[PDB]
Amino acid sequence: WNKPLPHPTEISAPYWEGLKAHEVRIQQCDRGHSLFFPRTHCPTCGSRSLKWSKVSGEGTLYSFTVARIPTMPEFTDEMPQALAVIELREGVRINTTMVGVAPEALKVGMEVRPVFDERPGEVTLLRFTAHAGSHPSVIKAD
């Protein structure tokens, strides 16, 4: 990918490794609080006993917008950018983009599925699509 790519840290590595395994891994403290982005502490109660939980990746579209001007030239091949914020069933929120749906069609609150974007090669990114749509759960590299 010519676009900016995530540079995972030892803290966030299990999440990015999970996407490679077609999994959505979200940390949870032993008091039950889920958190994202990844940390070494619970941002709710301050517990340091965190586990990486496998979640379905299903949730609702919390908000979105359609970029008419590229946030930077490198994303011109993704125009119009369907920038989105997903709220997972567990309550965490994730920045992403929507695939397999028209950008102007989106609606706040619609159910969504995860889509593992393998096109950058070694790095897999997490997109989302309509839960009832026909878009596959993966985007194989070109």
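We number the residues from 1 along the sequence you see.
For the pair 33-41 and 75-83, the mean Cα B-factor is higher in 75-83. Comparing the deposited coordinates for 9-17 and 123-131, the stretch with the larger average C-alpha B-factor is 123-131. Within the listed group 94, 26, 102, 61, the record reports its top CA B-factor for 102. The PDB entry gives the largest Cα B-factor of the residues 54, 51, 89, 68 to 68.
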